[PDB]
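Shown below, as C-alpha cells, is a lone chain in the form deposited in one PDB entry; questions about how it binds or moves come after it.
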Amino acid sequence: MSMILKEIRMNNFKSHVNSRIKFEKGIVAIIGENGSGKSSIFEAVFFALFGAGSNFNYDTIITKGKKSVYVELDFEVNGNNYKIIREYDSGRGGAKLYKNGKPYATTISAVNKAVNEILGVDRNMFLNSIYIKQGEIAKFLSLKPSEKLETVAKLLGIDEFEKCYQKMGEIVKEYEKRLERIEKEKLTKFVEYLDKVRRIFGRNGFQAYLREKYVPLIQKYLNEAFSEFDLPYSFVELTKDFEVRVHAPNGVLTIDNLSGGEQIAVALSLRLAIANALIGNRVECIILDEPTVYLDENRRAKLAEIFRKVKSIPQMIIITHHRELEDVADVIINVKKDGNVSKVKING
C-alpha cells in the first residue's frame, strides 16, 4: 500500500547524468534554485516504479547528451525491501526487481505485474496518494466553495465509465461462436458474473458508491489531522458532496470562514486525508512539491510551523527553492545545476 523511499540512483536521467540520493525518515527538504534538477529526482523515482509507457518517447528522460538511461530505486513496502532497476539503451529496454535481497522479477512485464501487486493501486491513484503537486494548496484556497468540492471529486477519481465491459463482455463472448461449431462452459460462467456486475452499476451508481467508501475515511483522517495540527475543533464533518464543515463552538463553519492560518491547516489536512483514503491506509511517505509557492509571507510561515507538527507521517519530502524552509527539515538535500548537469549534496 504505502512505501518508504530509501535510495534513488540515476544515470543520464535528464539533468542528472550521474546522481545518487539517499532519503531518510522524518522531514526531508530538497532545496535548490528553480531549474536545478529537483523534480527530475522524483520523476526518476516514478519512472523507476512504473517504467516507460506503451510507445514512450525515451528522449524525455534520457539526458540529451547521449542515448542511454539507468535508474535504481530502493524502497520498502509493508515490511519488505525492494530494489527496482529500470534501464534503456539504444532501443533495448530492461527491468529487474529484488525483494529482500533476492531476484523476484526479471522481465519488464513481470516487473510491472509485480510492482502493481505490491502497491495495490494503479499508477495514477498511487501518484495522488504520494505526490502533492506545486500550488495545490494555494489553488485549493483560491477556488470557490463549489469548486473545492470539485477538486475533491477529481482526486478521488469519480470519472469512471465501466462501459469498457462493452469490449470486455463481448471480445470474451464471441470466443464461444467458435465453440458452437461441433467443459468450455466456464467461459460462460464468468461472462455472466460480468453482466451481473455491469448490471448493478449502470454507469451512474459507481459514483454513489465511491462517496460511500471514501467520505467515511476522509472524515476519519481529517479529524486525526486536526488533532495532530492542534486545530481547536472537536469534530470535522465531510458531507457526501465533499464539503468541509468545521463544528466550531457557535455553529458549523466552512473552510472559507476560517483565518488564513487555519485555512492552510485544513487544506493540508484534507489533501492528506484524501491520500490516506486513496490507499485505505495512513500514508508512509508524502512528497510536497513547492507547497509554499503562491502563498504570501504570512501563510508561508503558517505552513512552516504546521510542517513542524507533522509527526504522524514517517517520511515527508518537501521540495523547494526557499531556503528558509530548511529550518523545518531533519535532513537537507541541496541541489545545484552545473551548466546542464545536476549535482546533489547532503549538507546544511
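Only the largest set of C-alpha atoms that superpose within 1.5 Å between the two forms is called the rigid core. Don't overthink the numbering: it's just position in the shown sequence, from 1.
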Next on the checklist: How big is the unmodelled gap, if any, between residue 182 and residue 183 relative to the deposited sequence? Choose none, 1 to 3, 4 to 9, or 10 or more.
Outcome noted: 10 or more
Checklist entry - Which of the two stretches, 166-174 or 252-260, shows the higher mean Cα temperature factor in the record? => result 166-174
Checklist entry - Which of the two stretches, 58-66 or 39-47, shows the higher mean Cα temperature factor in the record? => result 58-66
Item to check | From 159, 136, 72, 76, residue of greatest CA B-factor | outcome: 159
Checklist entry - Per the PDB entry, which option out of 198, 220, 271, 96 has the greatest Cα B factor? => result 198
Checklist entry - If you rank every modelled residue in this chain by C-alpha B factor, which third holds residue 86: lowest, middle or highest? => result middle
Next on the checklist: Considering every modelled residue of the chain and its Cα B-factor in the PDB entry, is residue 126 in the lowest, middle or highest third?
Outcome noted: middle
Checklist outcome for this item: By the entry's values, the third containing the CA B factor of residue 334 is the lowest
Next on the checklist: Quick check on the deposited entry: does the C-alpha B-factor of residue 317 sit in the lowest, middle or highest third of its chain?
Outcome noted: lowest
Checklist entry - What third of the chain, by the recorded C-alpha B-factor, contains residue 194? => result highest
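Below: the form deposited in another entry, not depicted.
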Next on the checklist: Which single residue of 118, 277, 97, 71, after superposing the core, moves its CA by 2 Å or more between this form and the one not shown?
Outcome noted: 277
Next on the checklist: Does residue 106 shift between this form and the one not shown by 2 angstroms or more at the C-alpha, the core having been superposed?
Outcome noted: no
Next on the checklist: Superposed on the rigid core, does the Cα of residue 87 end up 2 angstroms or more away between this form and the one not shown?
Outcome noted: no
Checklist entry - Taking the rigid core as the reference frame, is the Cα of residue 265 displaced by 2 Å or more between this form and the one not shown? => result yes
Item to check | Cα-Cα shift for residue 303 and residue 145, closer or farther in that other deposited form, minimum 3 Å | outcome: farther
Checklist entry - Since the CA distance of residue 303 and residue 140 differs by 3 Å or more in that other deposited form, is it closer or farther than in the form displayed? => result farther
